[PDB]
Amino acid sequence: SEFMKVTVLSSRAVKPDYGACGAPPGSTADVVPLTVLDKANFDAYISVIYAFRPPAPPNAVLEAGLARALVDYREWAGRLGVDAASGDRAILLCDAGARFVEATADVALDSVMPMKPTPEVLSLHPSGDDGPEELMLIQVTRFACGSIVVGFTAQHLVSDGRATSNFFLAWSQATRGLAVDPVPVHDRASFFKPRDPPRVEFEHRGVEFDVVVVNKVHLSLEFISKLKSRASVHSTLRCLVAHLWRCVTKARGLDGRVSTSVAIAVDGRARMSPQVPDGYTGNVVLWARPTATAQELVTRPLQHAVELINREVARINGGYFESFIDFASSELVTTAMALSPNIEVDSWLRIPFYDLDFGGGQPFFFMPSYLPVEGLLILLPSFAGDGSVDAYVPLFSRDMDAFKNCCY
């Protein structure tokens, strides 16, 4: 709301507190080169906010806990540069530090809840658009009621959703004086090395190489069970992605002959042999791209779209990851504000919530930052614990009513 004025009071580097962990100072000359799966992502920041109720730890305890957590996550204390002996793009573990921003809002948090995705959400996390050198930027905003908002702005080249989520939990763990779990794995040069000889088994070229308003659409358990009915011979996520893909295509009013594709993130950790440990700090993500004609997607039953997604997601297996790694290492540029005729669905259904505790209990709210990018959908839990889903849909003003009608 126009009355929630955020005053940013201070900003400071937080470096790793080796002493608080009882660990040997690391060398500020340590370098971790980016893997080919890291460089499959774009040089850009992703932002999220968490809200906590008044019994909130002081800024000093949160900051000490960040310094402690950054011993096991030096990547987020580091800078992007080039390794001297390689000429390769790398994370320099120079321990320069993550940005910690302290701020106040001159309103009770309750007075602006439920918080909807507007540009005013951007005020509750550090910017990822003003060329920050820090790879992790954290803001704590204390409201007049003693509630806090914790905002994250994180560089995608460093970590995927899972790895970034691990850091969030690691910071909560360290703040309470605990060891971090999972135990992190940082030795990236050990991972995603080409095969001898190199085997490319798929086509990686063409794949990896009015105003937009964001509206929150709530999808109930009842509505989900009905969708699952119209798709019967399964997966909540696969059904919902298929529904949202149909409804965006219908809402856009595309000519039926236009080819439309949904990008779906696939975690390769459990798909590859040997498995990548859940503690791996880096990206292990490639994208399934089920494609259809707009006509084939809207006129054919929901079942057809679900099946396209199922078959394309199952194609992105250990072997696909291995094909990508060998090719990305061979002798182009990655394909990573309007996706039409395509969409992307970023699923955050595994986001830490119930267990993110800094000492004052779990959060009562979470939201993606305002991302006014047409067709970039973010799927989120509703926080009710019932399995209901919240979809944040950016569409042009003219299309949003048409999208909501189709959705319901």
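Residues numbered from 1 in each chain as written, not as in the entry; some residues may be left out. Heavy atoms only, no water.

A separate point is the sheet that holds strand β6 (residues 98–105). The strand order across the open sheet formed by six strands is β1-β6-β7-β8-β3-β14, and the pairing between neighbours is mixed. Edge positions in the open sheet fall to β1 (6–14) and β14 (365–368), since each of these has one partner strand only. Recorded for the sheet is a direction-independent mean angle of 15 degrees between the axes of neighbouring strands. Across seven bridges, the pairing between strand β7 (residues 136–142) and strand β8 (residues 148–155) is antiparallel. The partner of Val140 across the bridge, within β8, is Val150. Against the sheet, helix α2 (residues 59–69) makes contact with β1, β6, β7 and β8, and its axis sits at roughly 165 degrees relative to β6, the strand it touches most. Packed onto the sheet, helix α3 (residues 161–175) meets β3 (45–52), β6, β7 and β8 and runs at close to 140 degrees relative to β8. (Pairing = 2+ DSSP bridges. Helix = DSSP H or I, 4+ residues; strand = E, 2+ residues; numbered from the N terminus. Axes fitted to C-alpha atoms, helices over the stretch in contact; angles between N-to-C directions. Contact = heavy atoms within 4.5 Å.)

Moving on: the domain arrangement of the protein chain. Once the domains are mapped, the protein chain shows domain 1 (6–190) and domain 2 (212–331 + 337–407). Domain 1 and domain 2 are separated by 25 Å when their C-alpha centres are compared. The interface of domain 1 with domain 2 comprises 50 residues on the first partner and 42 residues on the second. Where domain 1 touches domain 2, the interface holds two salt bridges. We note a salt bridge from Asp267 to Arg162, for which the minimum N-O separation is 3.6 Å. Here domain 1 and domain 2 share 20 residue pairs in polar contact between them. Going through the elements one at a time, β3 and α3 are the ones with two or more residues in the side of domain 1 that touches domain 2. For the side of domain 1 that touches domain 2, the residue count by class is 30 nonpolar, twelve polar and eight charged. (Domains from an automatic or database assignment. Salt bridge = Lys/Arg side-chain N within 4 Å of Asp/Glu carboxyl O. Polar contact = N/O pair within 3.5 Å; in protein donor to acceptor, adjacent residues only side chain to side chain. Nonpolar A, V, L, I, M, F, W, Y, C, P; charged D, E, K, R; others polar.)

Following both chains from N to C, one finds helix α5 (residues 236–252) and helix α9 (residues 397–407) inclined at 140 degrees, their axes separated by 8 Å at the closest point. With respect to each other, α5 and α9 are oriented oblique. As α5 packs across α9, the resulting crossing turns out to be right-handed. Seen from α5, the contacting residues are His243, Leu244, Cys247, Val248, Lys250, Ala251 and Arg252; seen from α9, they are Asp399, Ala402, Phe403, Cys406 and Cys407. For the contact of α5 with α9, the residue count by class is eight nonpolar, one polar and three charged. (Parallel < 35°, antiparallel > 145°, perpendicular 65-115°, else oblique. Left-handed = near helix turned anticlockwise from the far one by under 90°.)

For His304, the position within the fold is in helix α7 (residues 302–315). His304 sits in the buried class, given a relative accessible area of 12%. A polar side-chain atom of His304 sits 3.5 Å from a polar atom in the side chain of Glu296. (Buried < 20%, exposed > 50% of the residue type's maximum accessible area, 1.4 Å probe, protein only.)

Let us now look at helix α8 (residues 318–328). Where burial is concerned, most of α8 is hidden: eight out of the eleven residues are buried. Burial in α8 covers these residues: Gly318, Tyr320, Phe321, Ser323, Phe324, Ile325, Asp326 and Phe327. Where α8 is buried, its residues contact β10 (259–267), β11 (285–288) and α7. With a side-chain oxygen positioned 3.0 Å from the backbone nitrogen of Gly319, the residue opening α8 is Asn317.

Let us now look at the pattern of salt bridges. All chains considered together, the criterion is met by 17 salt bridges. We note a salt bridge from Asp30 to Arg74, for which the minimum N-O separation is 3.2 Å. Residue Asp30 is located in the loop between α1 (18–21) and β2 (31–33), and its partner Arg74 is located in the loop between α2 and β4 (79–82); the two are separated by 44 residues in the primary sequence. Classification of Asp30 as partly exposed rests on a relative accessible area of 34%. For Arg252, the salt bridge identified is with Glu374, shortest N-O distance 2.8 Å. Comparing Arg252 with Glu374 shows no difference in burial state: the two are buried.

On to the sheet that holds β4, then. Taken in spatial order, the three strands of this open sheet run β2-β5-β4, and their pairing is antiparallel. The open sheet terminates on both sides in strands that have one partner only, identified here as β2 and β4. With strand direction ignored, the average angle separating the axes of adjacent strands in the sheet is 40 degrees. Pairing of β2 with strand β5 (residues 89–92) involves three bridges; the strand directions are antiparallel. Looking across to β5, one finds that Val31 is bridged to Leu92.

Take the environment of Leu377 next. Relative to the helices and strands, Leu377 is located in strand β15 (residues 376–381). The exposure class assigned to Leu377 is buried, which follows from its relative accessible area of 1%.

All right, on to the state of the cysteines then. On inspection of all chains with the given rule, the structure shows one disulfide. With a sulfur-sulfur separation of 2.1 Å, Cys247 is cross-linked through a disulfide to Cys406. Judged by the sign of its S-S torsion, about -75 degrees, the bond between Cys247 and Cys406 is left-handed. Classification of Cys247 as buried rests on a relative accessible area of 1%. Sulfur of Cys94: no disulfide; nearest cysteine sulfur belongs to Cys21 and is 19 Å away. For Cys407, which is in no disulfide, the shortest distance to another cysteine sulfur is to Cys247 and amounts to 5.7 Å. (Disulfide = S-S within 2.5 Å.)

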